[PDB]
Each structure stands twice: as structure tokens, then as C-alpha cells.
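# Residue-level structural notes
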Amino acid sequence: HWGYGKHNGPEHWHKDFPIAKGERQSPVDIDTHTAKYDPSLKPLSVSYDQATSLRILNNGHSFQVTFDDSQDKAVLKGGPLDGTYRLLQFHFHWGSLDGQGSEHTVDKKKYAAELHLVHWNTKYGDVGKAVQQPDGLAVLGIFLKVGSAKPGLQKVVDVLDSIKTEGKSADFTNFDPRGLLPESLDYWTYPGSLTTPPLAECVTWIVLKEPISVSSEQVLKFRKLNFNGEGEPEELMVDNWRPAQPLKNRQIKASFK
Ligand SMILES: [N]S(=O)(=O)[C][C][C][C][C]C1234B567B89%10B%11%12%13B85%14B%1158B%12%11%15B%139%12B%1061B%12%112C5%153B%14874
Ligand SMILES: [Zn+2]
């Protein structure tokens, strides 16, 4: 039932998911001058060389690329994290125009899109158990700005016509998510939530400072996706982002000065 429209969007979600008004909701605005440099924060360890992508899917809210998470093949460690987090999937949030689309904001600036690489803590054994824990998930967030093309995104772009409408999926093997990463792993981190229902308060957020650039042609292909199922009235999948939520009693920490 939930979505991004006037009658089912973010301002409505609290009715089905009352944690929407909780103490550690995401996304947030990252006020760069208030974030605390923490010299105790470790470099982030991103180990994606053995990643196994499986499928690409239009789930009615975004599209996602899903990975084999039955072994420690594509893992996030270090940074603010204790233990090992397996990559489950990545997906994006984006706008109808280039001035909106990101979930996190930086000094109130909105980026054209935001990439989320979703990982879960292997100490809980499966993702469903992990979402019930305050340290169950780690989501790596990467901003997208529009300029030059990102070559490592093109394989994704080119198959989106095959998953236009909700419920559609395709094979998507041998995709290397290292081609989506910026040069720097400098980051901000804070305790938060899933940004879609069920909005569980289970996420250590790690938001990279450096955006990636994608081309206008690449993001325009995102905007040709449909929220609707095949044959239903066509509603472009655009503006699938939750706005910034109150920071409440939280500190955003920076890995860099
Ligand atoms: N924008 S975000 O990365 O915060 C939310 C992405 C959803 C994370 C993965 C889940 B799948 B299964 B259940 B469904 B719902 B619960 B469980 B796994 B997590 C989320 B969805
Ligand atoms: Zn997301």
C-alpha cells in the first residue's frame, strides 16, 4: 500500500509503521560543520572482489541488484563497524529532475540520486533476524551528481528497459559493484533506520563524502521506470526518496578532518 504519492507517501507511513516517528529515523541532513571528526574511526574495508550478483528486480519502489549472501563474498568491515557485514543488494533513490532525489542531504543540498549498498551483520545469521537488532545492518550511501558518465553504471542502465514495471526481474550475473565507488572512502556515520517500510531502527549508516558523477542519459533511464505493474496506468518511478527526518539525540561523526 505504501509509496511516494500524495495519498500513500512518507507523511502517511507512520500509520502502518509507527516507528516512522522514532528516535533514530533516516535519512537526515548532514550538517558538515556540526559533524564531529572522530580520529578513533577506522578506514572502511570494502571487500567486493568475490561478489556474485544474481538478479535485477523492479520492486515497485526502486530497482535492486541482488547478490549471493550465503557466504562472505562481498563484505563490509571496519569503519564504525564491529564484525562482518554481507552485501545483500544495492538500489537507488532518484528525482524527477536533477535538483532532488537523494535521501541524505549535505548542508541541505540534495543530490540527483543516492545509491544504497545494503549489508547485514553475519552474527545474526540472516537479514530478517538482523533487522530486529540495533546493529543488524550497515548501509553504504553514495551520492550521485549529474555530469560525466559513470562507465561502471552502464551495464545496469542498459537492462532497465527489461524491468520497466513492478514485478519484473532479469538475470544480472557478473556485475562488479566496485565500478560504482568514488575514489575516496571518507565518510560520515550515524545510527539510523531503513528509509523504506518497515523503517526498522537497525542501520549503521555510512555516507561517503565524495559523490560519483553519472550522465544525464544514465539518470534519464532511471526515470523511465514505472512504479506501476504492466498494463496499469503509467506512473513514472521518480521521486522515490524519503525526506530528511529529525536528528533528535544523535551525533554524526566524520572519518576525516
Ligand atoms: N533505503 S534502505 O536501504 O534503508 C531500505 C532497503 C531495504 C532493505 C532490505 C530488506 B528486504 B527484507 B525486509 B525486505 B525489508 B526488511 B528485510 B530485507 B530488510 C528490508 B527489505
Ligand atoms: Zn535505500
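In the PDB archive, X-ray crystallography is given as the structure determination method for this entry, at a resolution of 0.9900 Å.

## Some remarks on the overall build of the protein chain
Of the regular secondary structure elements, the protein chain holds three helices and 15 strands. Taken over the C-alpha trace, the protein chain has a radius of gyration of 17 Å; the compact-globule value for 257 residues is 18 Å, and the two agree within 12%. Principal axes of the C-alpha set define a box for the protein chain whose edges measure 50 × 40 × 40 Å. Of the contacts formed within the protein chain by residues at least 6 apart in sequence, a portion of 70% connects residues at least 24 apart.

## What about the coordination of the zinc ion (ligand 2)?
Every protein donor of the zinc ion (ligand 2) is accounted for by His91 (NE2), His93 (NE2) and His116 (ND1), and the metal-donor separations fall at 2.0 to 2.1 Å. Taken in chain order, the donor set of the zinc ion (ligand 2) reads H-x1-H-x22-H. Taken together, the residues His93 in strand β7 (residues 85-94) and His116 in strand β9 (residues 113-121) connect sequence positions 23 residues apart.

## Some words on the site of ligand 1
Around ligand 1, a shell composed of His91, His93, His116, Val118, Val131, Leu194, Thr195, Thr196, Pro198 and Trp205 is seen. Within the side chain of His116, one N or O atom sits 3.3 Å away from a nitrogen atom of ligand 1. Across the complex, the protein chains shield 75% of the 480 Å² of accessible surface that ligand 1 would expose by itself. The cavity where ligand 1 resides is the largest pocket. Among the elements of the structure, β7 and β9 are those that each provide at least two residues to the shell around ligand 1. Grouping the amino acids of the shell around ligand 1 by side-chain chemistry returns five nonpolar, five polar and no charged.

Rules used in this analysis
- Residues numbered from 1 in each chain as written, not as in the entry; some residues may be left out.
- Chains lettered and ligands numbered in written order.
- Heavy atoms only, no water.
- Residues with missing side-chain atoms left out of burial classes, pairs and counts.
- Helix = DSSP H or I, 4+ residues; strand = E, 2+ residues; numbered from the N terminus.
- Rg over C-alpha atoms; globule rule 2.2 N^0.38 Å.
- Contact = heavy atoms within 4.5 Å.
- Donors = N, O, S within 2.8 Å, 3.2 Å for Na, K, Ca; no water.
- Near = heavy atom within 4 Å.
- Polar contact = N/O pair within 3.5 Å; in protein donor to acceptor, adjacent residues only side chain to side chain.
- Areas by Shrake-Rupley, 256 points an atom, 1.4 Å probe, with all protein chains shown as cover.
- 1 Å grid on protein atoms, 1.4 Å probe; cavity = no way out; pocket = protein on both sides within 12 Å on 5 of 7 lines; lining within 4 Å.
- Sits in = over half its atoms within 2 Å of the grid points.
- Nonpolar A, V, L, I, M, F, W, Y, C, P; charged D, E, K, R; others polar.

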